Structure formats: C-alpha cells, structure tokens
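What follows is input-v5.cif (mmCIF, N, CA and C atoms; chains and numbers go by the auth columns).
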```cif
data_data
#
loop_
_atom_site.group_PDB
_atom_site.id
_atom_site.type_symbol
_atom_site.label_atom_id
_atom_site.label_comp_id
_atom_site.label_asym_id
_atom_site.label_seq_id
_atom_site.Cartn_x
_atom_site.Cartn_y
_atom_site.Cartn_z
_atom_site.B_iso_or_equiv
_atom_site.auth_seq_id
_atom_site.auth_asym_id
ATOM 1 N N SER A 1 45.657 65.393 -45.176 0.00 15 A
ATOM 2 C CA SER A 1 45.637 63.955 -45.414 0.00 15 A
ATOM 3 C C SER A 1 46.911 63.287 -44.909 0.00 15 A
ATOM 4 N N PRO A 2 46.746 62.203 -44.156 0.00 16 A
ATOM 5 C CA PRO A 2 47.838 61.404 -43.615 0.00 16 A
ATOM 6 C C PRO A 2 48.451 60.593 -44.734 0.00 16 A
ATOM 7 N N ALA A 3 49.666 60.111 -44.540 0.00 17 A
ATOM 8 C CA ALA A 3 50.327 59.308 -45.554 0.00 17 A
ATOM 9 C C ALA A 3 51.067 60.116 -46.614 0.00 17 A
ATOM 10 N N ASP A 4 51.007 61.436 -46.533 0.00 18 A
ATOM 11 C CA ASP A 4 51.687 62.285 -47.481 0.00 18 A
ATOM 12 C C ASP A 4 52.405 63.299 -46.624 0.00 18 A
ATOM 13 N N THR A 5 51.984 63.383 -45.369 0.00 19 A
ATOM 14 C CA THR A 5 52.604 64.272 -44.399 0.00 19 A
ATOM 15 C C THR A 5 53.309 63.517 -43.283 0.00 19 A
ATOM 16 N N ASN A 6 52.821 62.329 -42.931 0.00 20 A
ATOM 17 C CA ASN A 6 53.401 61.541 -41.844 0.00 20 A
ATOM 18 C C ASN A 6 54.394 60.513 -42.389 0.00 20 A
ATOM 19 N N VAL A 7 55.178 60.947 -43.368 0.00 21 A
ATOM 20 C CA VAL A 7 56.125 60.087 -44.064 0.00 21 A
ATOM 21 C C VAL A 7 57.403 60.035 -43.243 0.00 21 A
ATOM 22 N N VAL A 8 57.705 58.862 -42.713 0.00 22 A
ATOM 23 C CA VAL A 8 58.889 58.641 -41.889 0.00 22 A
ATOM 24 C C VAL A 8 59.446 57.276 -42.261 0.00 22 A
ATOM 25 N N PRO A 9 60.747 57.047 -42.054 0.00 23 A
ATOM 26 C CA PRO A 9 61.321 55.733 -42.363 0.00 23 A
ATOM 27 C C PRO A 9 60.750 54.636 -41.477 0.00 23 A
ATOM 28 N N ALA A 10 60.576 53.458 -42.069 0.00 24 A
ATOM 29 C CA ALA A 10 59.844 52.386 -41.413 0.00 24 A
ATOM 30 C C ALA A 10 60.719 51.647 -40.407 0.00 24 A
ATOM 31 N N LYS A 11 60.215 50.506 -39.950 0.00 25 A
ATOM 32 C CA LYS A 11 60.998 49.663 -39.060 0.00 25 A
ATOM 33 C C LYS A 11 62.061 48.923 -39.857 0.00 25 A
ATOM 34 N N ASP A 12 63.298 48.962 -39.346 0.00 26 A
ATOM 35 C CA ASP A 12 64.498 48.426 -40.003 0.00 26 A
ATOM 36 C C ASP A 12 64.680 49.017 -41.400 0.00 26 A
ATOM 37 N N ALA A 13 64.404 50.308 -41.511 0.00 27 A
ATOM 38 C CA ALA A 13 64.435 51.049 -42.767 0.00 27 A
ATOM 39 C C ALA A 13 65.772 51.116 -43.514 0.00 27 A
ATOM 40 N N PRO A 14 66.955 51.132 -42.873 0.00 28 A
ATOM 41 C CA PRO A 14 68.176 51.000 -43.685 0.00 28 A
ATOM 42 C C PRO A 14 68.337 49.636 -44.335 0.00 28 A
ATOM 43 N N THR A 15 68.107 48.545 -43.604 0.00 29 A
ATOM 44 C CA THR A 15 68.316 47.188 -44.109 0.00 29 A
ATOM 45 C C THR A 15 66.993 46.431 -44.069 0.00 29 A
ATOM 46 N N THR A 16 66.126 46.679 -45.037 0.00 30 A
ATOM 47 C CA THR A 16 64.944 45.838 -45.184 0.00 30 A
ATOM 48 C C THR A 16 64.809 45.248 -46.576 0.00 30 A
ATOM 49 N N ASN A 17 65.255 45.939 -47.623 0.00 31 A
ATOM 50 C CA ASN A 17 65.311 45.372 -48.958 0.00 31 A
ATOM 51 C C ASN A 17 66.613 44.648 -49.251 0.00 31 A
ATOM 52 N N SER A 18 67.466 44.461 -48.255 0.00 32 A
ATOM 53 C CA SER A 18 68.728 43.780 -48.476 0.00 32 A
ATOM 54 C C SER A 18 68.484 42.288 -48.681 0.00 32 A
ATOM 55 N N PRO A 19 68.941 41.713 -49.788 0.00 33 A
ATOM 56 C CA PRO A 19 68.774 40.283 -50.001 0.00 33 A
ATOM 57 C C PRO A 19 69.832 39.500 -49.250 0.00 33 A
ATOM 58 N N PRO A 20 69.546 38.243 -48.926 0.00 34 A
ATOM 59 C CA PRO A 20 70.593 37.551 -48.193 0.00 34 A
ATOM 60 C C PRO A 20 71.597 36.988 -49.172 0.00 34 A
ATOM 61 N N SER A 21 72.836 37.450 -49.092 0.00 35 A
ATOM 62 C CA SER A 21 73.885 36.964 -49.965 0.00 35 A
ATOM 63 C C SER A 21 75.136 36.787 -49.155 0.00 35 A
ATOM 64 N N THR A 22 75.946 35.807 -49.509 0.00 36 A
ATOM 65 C CA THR A 22 77.183 35.580 -48.791 0.00 36 A
ATOM 66 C C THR A 22 78.376 36.143 -49.540 0.00 36 A
ATOM 67 N N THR A 23 78.075 36.800 -50.648 0.00 37 A
ATOM 68 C CA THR A 23 79.104 37.393 -51.451 0.00 37 A
ATOM 69 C C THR A 23 78.889 38.868 -51.668 0.00 37 A
ATOM 70 N N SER A 24 79.832 39.672 -51.197 0.00 38 A
ATOM 71 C CA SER A 24 79.817 41.086 -51.510 0.00 38 A
ATOM 72 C C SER A 24 78.418 41.597 -51.381 0.00 38 A
ATOM 73 N N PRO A 25 77.798 41.368 -50.234 0.00 39 A
ATOM 74 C CA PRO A 25 76.423 41.816 -50.092 0.00 39 A
ATOM 75 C C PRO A 25 76.245 43.316 -50.156 0.00 39 A
ATOM 76 N N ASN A 26 77.135 44.062 -49.525 0.00 40 A
ATOM 77 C CA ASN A 26 76.887 45.497 -49.441 0.00 40 A
ATOM 78 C C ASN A 26 76.652 46.104 -50.814 0.00 40 A
ATOM 79 N N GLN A 27 77.334 45.587 -51.832 0.00 41 A
ATOM 80 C CA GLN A 27 77.073 46.062 -53.183 0.00 41 A
ATOM 81 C C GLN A 27 75.896 45.321 -53.797 0.00 41 A
ATOM 82 N N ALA A 28 75.462 44.232 -53.159 0.00 42 A
ATOM 83 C CA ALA A 28 74.262 43.542 -53.616 0.00 42 A
ATOM 84 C C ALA A 28 73.028 44.068 -52.903 0.00 42 A
ATOM 85 N N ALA A 29 73.185 44.523 -51.658 0.00 43 A
ATOM 86 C CA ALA A 29 72.071 45.169 -50.977 0.00 43 A
ATOM 87 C C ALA A 29 71.770 46.516 -51.606 0.00 43 A
ATOM 88 N N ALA A 30 72.812 47.249 -52.007 0.00 44 A
ATOM 89 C CA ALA A 30 72.608 48.536 -52.664 0.00 44 A
ATOM 90 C C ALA A 30 72.173 48.360 -54.109 0.00 44 A
ATOM 91 N N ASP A 31 72.315 47.152 -54.651 0.00 45 A
ATOM 92 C CA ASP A 31 71.805 46.895 -55.991 0.00 45 A
ATOM 93 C C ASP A 31 70.297 46.692 -55.962 0.00 45 A
ATOM 94 N N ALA A 32 69.753 46.328 -54.802 0.00 46 A
ATOM 95 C CA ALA A 32 68.312 46.141 -54.694 0.00 46 A
ATOM 96 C C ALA A 32 67.689 47.175 -53.766 0.00 46 A
ATOM 97 N N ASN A 33 68.512 47.975 -53.087 0.00 47 A
ATOM 98 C CA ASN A 33 67.971 49.105 -52.341 0.00 47 A
ATOM 99 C C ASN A 33 67.502 50.188 -53.298 0.00 47 A
ATOM 100 N N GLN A 34 68.168 50.306 -54.446 0.00 48 A
ATOM 101 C CA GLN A 34 67.770 51.305 -55.429 0.00 48 A
ATOM 102 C C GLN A 34 67.073 50.667 -56.622 0.00 48 A
ATOM 103 N N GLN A 35 66.706 49.391 -56.512 0.00 49 A
ATOM 104 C CA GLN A 35 65.835 48.782 -57.510 0.00 49 A
ATOM 105 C C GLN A 35 64.381 48.873 -57.072 0.00 49 A
ATOM 106 N N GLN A 36 64.137 48.748 -55.763 0.00 50 A
ATOM 107 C CA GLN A 36 62.793 48.913 -55.218 0.00 50 A
ATOM 108 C C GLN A 36 62.315 50.352 -55.355 0.00 50 A
ATOM 109 N N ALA A 37 63.250 51.304 -55.419 0.00 51 A
ATOM 110 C CA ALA A 37 62.883 52.696 -55.649 0.00 51 A
ATOM 111 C C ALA A 37 62.390 52.915 -57.073 0.00 51 A
ATOM 112 N N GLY A 38 62.766 52.031 -57.994 0.00 52 A
ATOM 113 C CA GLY A 38 62.304 52.097 -59.365 0.00 52 A
ATOM 114 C C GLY A 38 63.275 52.713 -60.343 0.00 52 A
ATOM 115 N N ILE A 39 64.485 53.060 -59.910 0.00 53 A
ATOM 116 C CA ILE A 39 65.455 53.664 -60.810 0.00 53 A
ATOM 117 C C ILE A 39 66.090 52.577 -61.661 0.00 53 A
ATOM 118 N N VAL A 40 65.964 52.706 -62.978 0.00 54 A
ATOM 119 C CA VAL A 40 66.543 51.713 -63.874 0.00 54 A
ATOM 120 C C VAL A 40 68.045 51.955 -64.004 0.00 54 A
ATOM 121 N N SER A 41 68.730 51.005 -64.644 0.00 55 A
ATOM 122 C CA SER A 41 70.185 51.058 -64.721 0.00 55 A
ATOM 123 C C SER A 41 70.656 52.126 -65.695 0.00 55 A
ATOM 124 N N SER A 42 69.871 52.392 -66.741 0.00 56 A
ATOM 125 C CA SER A 42 70.285 53.366 -67.745 0.00 56 A
ATOM 126 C C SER A 42 70.123 54.789 -67.235 0.00 56 A
ATOM 127 N N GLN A 43 69.292 54.983 -66.209 0.00 57 A
ATOM 128 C CA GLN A 43 69.082 56.323 -65.676 0.00 57 A
ATOM 129 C C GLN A 43 70.092 56.662 -64.590 0.00 57 A
ATOM 130 N N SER A 44 71.061 55.787 -64.355 0.00 58 A
ATOM 131 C CA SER A 44 72.130 56.037 -63.401 0.00 58 A
ATOM 132 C C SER A 44 73.464 55.706 -64.054 0.00 58 A
ATOM 133 N N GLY A 45 74.289 56.728 -64.257 0.00 59 A
ATOM 134 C CA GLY A 45 75.601 56.547 -64.829 0.00 59 A
ATOM 135 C C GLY A 45 76.556 55.934 -63.828 0.00 59 A
ATOM 136 N N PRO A 46 77.494 56.731 -63.321 0.00 60 A
ATOM 137 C CA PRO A 46 78.363 56.267 -62.234 0.00 60 A
ATOM 138 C C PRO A 46 77.728 56.320 -60.853 0.00 60 A
ATOM 139 N N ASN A 47 76.440 56.652 -60.751 0.00 61 A
ATOM 140 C CA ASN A 47 75.777 56.630 -59.453 0.00 61 A
ATOM 141 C C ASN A 47 75.484 55.202 -59.011 0.00 61 A
ATOM 142 N N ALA A 48 75.395 54.272 -59.964 0.00 62 A
ATOM 143 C CA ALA A 48 75.056 52.898 -59.618 0.00 62 A
ATOM 144 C C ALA A 48 76.176 51.929 -59.963 0.00 62 A
ATOM 145 N N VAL A 49 77.386 52.434 -60.208 0.00 63 A
ATOM 146 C CA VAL A 49 78.490 51.550 -60.568 0.00 63 A
ATOM 147 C C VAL A 49 79.122 50.946 -59.323 0.00 63 A
ATOM 148 N N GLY A 50 79.517 51.781 -58.370 0.00 64 A
ATOM 149 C CA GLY A 50 80.169 51.261 -57.186 0.00 64 A
ATOM 150 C C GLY A 50 79.630 51.818 -55.889 0.00 64 A
ATOM 151 N N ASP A 51 78.378 51.504 -55.572 0.00 65 A
ATOM 152 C CA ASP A 51 77.746 52.012 -54.367 0.00 65 A
ATOM 153 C C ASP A 51 77.607 50.888 -53.355 0.00 65 A
ATOM 154 N N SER A 52 77.315 51.273 -52.120 0.00 66 A
ATOM 155 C CA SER A 52 77.163 50.332 -51.025 0.00 66 A
ATOM 156 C C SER A 52 76.036 50.794 -50.119 0.00 66 A
ATOM 157 N N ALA A 53 75.332 49.827 -49.547 0.00 67 A
ATOM 158 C CA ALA A 53 74.321 50.071 -48.538 0.00 67 A
ATOM 159 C C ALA A 53 74.525 49.045 -47.438 0.00 67 A
ATOM 160 N N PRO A 54 74.146 49.362 -46.202 0.00 68 A
ATOM 161 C CA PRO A 54 74.189 48.348 -45.147 0.00 68 A
ATOM 162 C C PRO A 54 73.199 47.236 -45.432 0.00 68 A
ATOM 163 N N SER A 55 73.596 46.020 -45.088 0.00 69 A
ATOM 164 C CA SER A 55 72.800 44.841 -45.376 0.00 69 A
ATOM 165 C C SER A 55 72.375 44.158 -44.087 0.00 69 A
ATOM 166 N N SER A 56 71.438 43.225 -44.219 0.00 70 A
ATOM 167 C CA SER A 56 71.039 42.354 -43.116 0.00 70 A
ATOM 168 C C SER A 56 71.854 41.076 -43.092 0.00 70 A
ATOM 169 N N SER A 57 72.857 41.060 -43.952 0.00 71 A
ATOM 170 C CA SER A 57 73.754 39.936 -44.041 0.00 71 A
ATOM 171 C C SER A 57 75.096 40.270 -43.426 0.00 71 A
ATOM 172 N N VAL A 58 75.235 41.488 -42.924 0.00 72 A
ATOM 173 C CA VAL A 58 76.465 41.893 -42.278 0.00 72 A
ATOM 174 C C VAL A 58 76.196 42.416 -40.876 0.00 72 A
ATOM 175 N N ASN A 59 76.903 41.882 -39.887 0.00 73 A
ATOM 176 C CA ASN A 59 76.745 42.335 -38.511 0.00 73 A
ATOM 177 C C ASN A 59 77.576 43.585 -38.274 0.00 73 A
ATOM 178 N N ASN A 60 77.428 44.193 -37.116 0.00 74 A
ATOM 179 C CA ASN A 60 78.095 45.454 -36.868 0.00 74 A
ATOM 180 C C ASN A 60 79.608 45.426 -36.964 0.00 74 A
ATOM 181 N N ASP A 61 80.258 44.379 -36.489 0.00 75 A
ATOM 182 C CA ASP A 61 81.709 44.399 -36.557 0.00 75 A
ATOM 183 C C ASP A 61 82.194 44.511 -37.994 0.00 75 A
ATOM 184 N N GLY A 62 81.516 43.852 -38.920 0.00 76 A
ATOM 185 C CA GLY A 62 81.919 43.913 -40.311 0.00 76 A
ATOM 186 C C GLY A 62 82.259 42.635 -41.041 0.00 76 A
ATOM 187 N N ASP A 63 82.127 41.495 -40.376 0.00 77 A
ATOM 188 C CA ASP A 63 82.417 40.218 -41.019 0.00 77 A
ATOM 189 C C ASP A 63 81.125 39.616 -41.539 0.00 77 A
ATOM 190 N N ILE A 64 81.168 39.114 -42.766 0.00 78 A
ATOM 191 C CA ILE A 64 79.979 38.628 -43.465 0.00 78 A
ATOM 192 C C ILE A 64 79.300 37.493 -42.711 0.00 78 A
ATOM 193 N N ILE A 65 78.207 37.816 -42.028 0.00 79 A
ATOM 194 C CA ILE A 65 77.513 36.836 -41.211 0.00 79 A
ATOM 195 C C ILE A 65 76.353 36.233 -41.999 0.00 79 A
ATOM 196 N N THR A 66 75.881 35.077 -41.539 0.00 80 A
ATOM 197 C CA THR A 66 74.765 34.375 -42.158 0.00 80 A
ATOM 198 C C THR A 66 73.571 34.255 -41.227 0.00 80 A
ATOM 199 N N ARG A 67 73.732 33.590 -40.120 0.00 81 A
ATOM 200 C CA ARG A 67 72.786 33.570 -39.020 0.00 81 A
ATOM 201 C C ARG A 67 72.958 34.832 -38.180 0.00 81 A
ATOM 202 N N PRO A 68 71.922 35.310 -37.485 0.00 82 A
ATOM 203 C CA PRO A 68 72.059 36.568 -36.740 0.00 82 A
ATOM 204 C C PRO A 68 72.990 36.444 -35.543 0.00 82 A
ATOM 205 N N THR A 69 73.326 37.603 -34.967 0.00 83 A
ATOM 206 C CA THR A 69 74.401 37.676 -33.982 0.00 83 A
ATOM 207 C C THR A 69 74.018 36.995 -32.677 0.00 83 A
ATOM 208 N N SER A 70 72.722 36.896 -32.393 0.00 84 A
ATOM 209 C CA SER A 70 72.302 36.178 -31.200 0.00 84 A
ATOM 210 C C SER A 70 72.344 34.676 -31.427 0.00 84 A
ATOM 211 N N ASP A 71 72.294 34.247 -32.688 0.00 85 A
ATOM 212 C CA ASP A 71 72.363 32.819 -32.973 0.00 85 A
ATOM 213 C C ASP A 71 73.772 32.405 -33.369 0.00 85 A
ATOM 214 N N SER A 72 74.711 33.350 -33.374 0.00 86 A
ATOM 215 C CA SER A 72 76.103 32.992 -33.628 0.00 86 A
ATOM 216 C C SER A 72 76.898 32.941 -32.332 0.00 86 A
ATOM 217 N N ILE A 73 76.537 33.782 -31.361 0.00 87 A
ATOM 218 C CA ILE A 73 77.048 33.617 -30.003 0.00 87 A
ATOM 219 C C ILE A 73 76.533 32.311 -29.416 0.00 87 A
ATOM 220 N N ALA A 74 75.296 31.947 -29.753 0.00 88 A
ATOM 221 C CA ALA A 74 74.750 30.674 -29.301 0.00 88 A
ATOM 222 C C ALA A 74 75.388 29.499 -30.030 0.00 88 A
ATOM 223 N N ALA A 75 76.070 29.758 -31.144 0.00 89 A
ATOM 224 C CA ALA A 75 76.776 28.682 -31.828 0.00 89 A
ATOM 225 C C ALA A 75 78.117 28.401 -31.167 0.00 89 A
ATOM 226 N N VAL A 76 78.611 29.339 -30.362 0.00 90 A
ATOM 227 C CA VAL A 76 79.876 29.120 -29.671 0.00 90 A
ATOM 228 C C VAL A 76 79.628 28.644 -28.249 0.00 90 A
ATOM 229 N N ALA A 77 78.631 29.221 -27.579 0.00 91 A
ATOM 230 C CA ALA A 77 78.385 28.873 -26.184 0.00 91 A
ATOM 231 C C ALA A 77 77.696 27.520 -26.052 0.00 91 A
ATOM 232 N N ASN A 78 77.175 26.973 -27.151 0.00 92 A
ATOM 233 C CA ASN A 78 76.632 25.619 -27.100 0.00 92 A
ATOM 234 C C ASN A 78 77.713 24.586 -27.376 0.00 92 A
ATOM 235 N N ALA A 79 78.915 25.039 -27.725 0.00 93 A
ATOM 236 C CA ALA A 79 79.995 24.100 -27.995 0.00 93 A
ATOM 237 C C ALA A 79 81.022 24.112 -26.876 0.00 93 A
ATOM 238 N N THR A 80 80.731 24.818 -25.788 0.00 94 A
ATOM 239 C CA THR A 80 81.591 24.817 -24.609 0.00 94 A
ATOM 240 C C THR A 80 80.720 24.467 -23.413 0.00 94 A
ATOM 241 N N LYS A 81 79.925 23.421 -23.568 0.00 95 A
ATOM 242 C CA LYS A 81 79.120 22.919 -22.470 0.00 95 A
ATOM 243 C C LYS A 81 79.579 21.511 -22.135 0.00 95 A
ATOM 244 N N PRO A 82 80.493 21.349 -21.187 0.00 96 A
ATOM 245 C CA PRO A 82 80.837 20.007 -20.723 0.00 96 A
ATOM 246 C C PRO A 82 79.699 19.410 -19.920 0.00 96 A
ATOM 247 N N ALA A 83 79.795 18.109 -19.692 0.00 97 A
ATOM 248 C CA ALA A 83 78.818 17.438 -18.851 0.00 97 A
ATOM 249 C C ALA A 83 79.062 17.822 -17.402 0.00 97 A
ATOM 250 N N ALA A 84 78.039 18.365 -16.748 0.00 98 A
ATOM 251 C CA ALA A 84 78.205 18.773 -15.362 0.00 98 A
ATOM 252 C C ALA A 84 78.186 17.578 -14.422 0.00 98 A
#
```

Translate the structure of the given file into structure tokens.
Amino acid sequence: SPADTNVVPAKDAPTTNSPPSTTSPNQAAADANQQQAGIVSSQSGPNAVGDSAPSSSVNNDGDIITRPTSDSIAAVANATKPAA
C-alpha cells in the first residue's frame, strides 16, 4: 500500500508550517513546527524550551525579512530608476 511506504518530505518541507512573524520567528516557527506534529507542551520538558527551526520569514543571509527576496531586490532596483 502506497502512502505508508512512499513517505517523503513534501514541497518546502522545512519551512511550510512557519507562521509569518517579524519577531523572533525562528523560535516561533519551531513553536508551530512541533505543534502540527501534535506534541503538547507538557510532554516536552527542555526539548521545547529553546528550540529553533528555519522559517519562511527569514531569508538565507539571516536578516528578518518580510517580503520575499525577489520582491526586496525589486524594492531597491525600482528606487534607482532615473528618467531616461
């Protein structure tokens, strides 16, 4: 039977349950990365105190982004267009 043997991580599987937050997301993405799994807070001692997961609110360099990286480069290159 398929679905019990063909189990593989989905599309954008590290950062898909990450909520959009502008504050300390990595600890907020990991707060909901392990909430969708169903683990309650009492069943995790220090495993859920200070954890981190990659978020969709952080770009690769590491600065807390809001709009995606293709729309942030476009936020700079649209402000250096003089009249030709």

task = Using the chain letters and numbers from the file, give me the residues hit by the PyMOL selection byres (((chain A and resi 48 and name CA) around 12) and name CA), as number ranges by chain.
result = A: 28, 30-32, 41-47, 49-55, 57-58, 61-63, 65-67

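Compared by their closest atoms to residue 34 (chain A), and using all atoms listed in the file, the residues A:76, A:89, A:71, A:60 rank with A:71 nearest.
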
query = Out of region 18-83 of chain A, which residues get alpha helix (DSSP H) from DSSP, as an NGL selection string?
reply = :A and (39-47 or 83)

key: Residue contacts of residue 36 (chain A) (7 Å, only N, CA and C atoms) excluding same-chain residues fewer than 2 positions away, as an MDAnalysis selection string   = chainID A and resid 34 38:39 78:79

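Reported to one decimal place, the separation of atom C of residue 70 (chain A) from CA of residue 27 (chain A) is 12.4 Å.
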
inquiry  = Between atom C of residue 26 (chain A) and atom N of residue 69 (chain A), what is the distance in Å, rounded to a tenth?
reply    = 10.1 Å

Calculate, to one decimal in Å, the centre and edge lengths of the box along x, y and z of the file that holds all listed atoms of region 68-72 of chain A with 4 Å of margin on each side, and present them as lines of an AutoDock Vina configuration file.
```
center_x = 73.8
center_y = 44.6
center_z = -43.5
size_x = 13.4
size_y = 17.4
size_z = 13.3
```

N, CA, C and O atoms are needed for region 44-62 of chain A; please write them out as an mmCIF file, keeping the file's coordinate frame.
```
data_model
loop_
_atom_site.group_PDB
_atom_site.id
_atom_site.type_symbol
_atom_site.label_atom_id
_atom_site.label_comp_id
_atom_site.auth_asym_id
_atom_site.auth_seq_id
_atom_site.Cartn_x
_atom_site.Cartn_y
_atom_site.Cartn_z
ATOM 1 N N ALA A 44 72.812 47.249 -52.007
ATOM 2 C CA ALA A 44 72.608 48.536 -52.664
ATOM 3 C C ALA A 44 72.173 48.360 -54.109
ATOM 4 O O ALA A 44 71.731 49.318 -54.751
ATOM 5 N N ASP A 45 72.315 47.152 -54.651
ATOM 6 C CA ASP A 45 71.805 46.895 -55.991
ATOM 7 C C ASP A 45 70.297 46.692 -55.962
ATOM 8 O O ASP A 45 69.619 46.864 -56.981
ATOM 9 N N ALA A 46 69.753 46.328 -54.802
ATOM 10 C CA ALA A 46 68.312 46.141 -54.694
ATOM 11 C C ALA A 46 67.689 47.175 -53.766
ATOM 12 O O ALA A 46 66.461 47.244 -53.646
ATOM 13 N N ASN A 47 68.512 47.975 -53.087
ATOM 14 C CA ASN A 47 67.971 49.105 -52.341
ATOM 15 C C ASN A 47 67.502 50.188 -53.298
ATOM 16 O O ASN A 47 66.538 50.908 -53.019
ATOM 17 N N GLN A 48 68.168 50.306 -54.446
ATOM 18 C CA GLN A 48 67.770 51.305 -55.429
ATOM 19 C C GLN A 48 67.073 50.667 -56.622
ATOM 20 O O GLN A 48 66.873 51.325 -57.647
ATOM 21 N N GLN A 49 66.706 49.391 -56.512
ATOM 22 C CA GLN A 49 65.835 48.782 -57.510
ATOM 23 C C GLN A 49 64.381 48.873 -57.072
ATOM 24 O O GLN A 49 63.484 49.090 -57.896
ATOM 25 N N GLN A 50 64.137 48.748 -55.763
ATOM 26 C CA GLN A 50 62.793 48.913 -55.218
ATOM 27 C C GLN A 50 62.315 50.352 -55.355
ATOM 28 O O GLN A 50 61.109 50.611 -55.422
ATOM 29 N N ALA A 51 63.250 51.304 -55.419
ATOM 30 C CA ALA A 51 62.883 52.696 -55.649
ATOM 31 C C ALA A 51 62.390 52.915 -57.073
ATOM 32 O O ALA A 51 61.675 53.884 -57.348
ATOM 33 N N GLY A 52 62.766 52.031 -57.994
ATOM 34 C CA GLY A 52 62.304 52.097 -59.365
ATOM 35 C C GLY A 52 63.275 52.713 -60.343
ATOM 36 O O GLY A 52 62.922 52.879 -61.516
ATOM 37 N N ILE A 53 64.485 53.060 -59.910
ATOM 38 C CA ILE A 53 65.455 53.664 -60.810
ATOM 39 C C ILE A 53 66.090 52.577 -61.661
ATOM 40 O O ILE A 53 66.690 51.630 -61.140
ATOM 41 N N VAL A 54 65.964 52.706 -62.978
ATOM 42 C CA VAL A 54 66.543 51.713 -63.874
ATOM 43 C C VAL A 54 68.045 51.955 -64.004
ATOM 44 O O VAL A 54 68.583 52.964 -63.543
ATOM 45 N N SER A 55 68.730 51.005 -64.644
ATOM 46 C CA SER A 55 70.185 51.058 -64.721
ATOM 47 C C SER A 55 70.656 52.126 -65.695
ATOM 48 O O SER A 55 71.727 52.715 -65.511
ATOM 49 N N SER A 56 69.871 52.392 -66.741
ATOM 50 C CA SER A 56 70.285 53.366 -67.745
ATOM 51 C C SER A 56 70.123 54.789 -67.235
ATOM 52 O O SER A 56 70.747 55.719 -67.758
ATOM 53 N N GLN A 57 69.292 54.983 -66.209
ATOM 54 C CA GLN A 57 69.082 56.323 -65.676
ATOM 55 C C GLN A 57 70.092 56.662 -64.590
ATOM 56 O O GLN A 57 69.988 57.717 -63.955
ATOM 57 N N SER A 58 71.061 55.787 -64.355
ATOM 58 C CA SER A 58 72.130 56.037 -63.401
ATOM 59 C C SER A 58 73.464 55.706 -64.054
ATOM 60 O O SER A 58 73.729 54.543 -64.377
ATOM 61 N N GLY A 59 74.289 56.728 -64.257
ATOM 62 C CA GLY A 59 75.601 56.547 -64.829
ATOM 63 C C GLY A 59 76.556 55.934 -63.828
ATOM 64 O O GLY A 59 76.470 54.749 -63.501
ATOM 65 N N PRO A 60 77.494 56.731 -63.321
ATOM 66 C CA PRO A 60 78.363 56.267 -62.234
ATOM 67 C C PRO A 60 77.728 56.320 -60.853
ATOM 68 O O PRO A 60 78.425 56.060 -59.866
ATOM 69 N N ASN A 61 76.440 56.652 -60.751
ATOM 70 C CA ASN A 61 75.777 56.630 -59.453
ATOM 71 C C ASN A 61 75.484 55.202 -59.011
ATOM 72 O O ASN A 61 75.336 54.932 -57.814
ATOM 73 N N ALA A 62 75.395 54.272 -59.964
ATOM 74 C CA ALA A 62 75.056 52.898 -59.618
ATOM 75 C C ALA A 62 76.176 51.929 -59.963
ATOM 76 O O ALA A 62 75.948 50.716 -60.007
#
```
